[PDB]
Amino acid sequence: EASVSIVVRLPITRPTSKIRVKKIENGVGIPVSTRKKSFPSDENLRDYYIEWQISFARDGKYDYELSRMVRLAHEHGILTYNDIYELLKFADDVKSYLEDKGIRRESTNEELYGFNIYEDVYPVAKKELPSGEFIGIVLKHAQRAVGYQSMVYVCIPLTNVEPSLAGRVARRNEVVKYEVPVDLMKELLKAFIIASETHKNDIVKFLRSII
């Protein structure tokens, strides 16, 4: 698990967790064995990033990861009253969500040696922030039943993270400190707001709880 201080502490040596270090190779993120291969010391270090599938709530109660960040920052004045207003007014005007895009199987007129060829289109929402972080919203078929489930990711470059790991392997159970910018937390909220009405309704009544 990641501990939240505002600041968070993310482990580097758990590629099977929701927090995993990846490296851009041939355009796709691939898992990195941070303990058998030394991190590059040059410009390639920008191609490395931590992928954190961030969650909003736990136990149906609002104090885990993102929800803990946001309210810690209101209690510290980091988020003004009007931050939460315009976050909610933004939610009040949001009609469509990535869930509304859904997952479709489009039929092509192609036949591969007797096999009919189709295409599955998956909708993805992506936003880049000036400091280098990326926010990803992906759609997946609900494993429990009919419908969709939306999931939010935060991609943090290893250059935005200290101690700098250039020219060495990771430490055992290494946990590294990342200062959380203010507008990442609010763009993360907006990410949940535009993911699904289910996510927005929970973000909406969480912001109302402290405003």
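Numbering starts at 1 and follows the sequence shown.
According to the record, 4 to 9 deposited residues between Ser5 and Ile6 are left without atomic coordinates.
When the C-alpha B-factors of 114-122 and 88-96 are averaged, 88-96 comes out higher.
Looking at 26-34 and 39-47 together, the entry lists the larger mean B-factor for 39-47, computed on C-alpha atoms.
Per the PDB record, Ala73 has a higher Cα B-factor than any other of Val138, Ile103, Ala73, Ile135. Taking only the listed residues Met185, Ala166, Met151, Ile156, the entry reports the highest CA temperature factor at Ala166. When the modelled residues of the chain are ordered by their C-alpha B factor, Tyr62 lands in the highest third. In this PDB entry, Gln53 carries a Cα temperature factor that places it within the lowest third of its chain's modelled residues.
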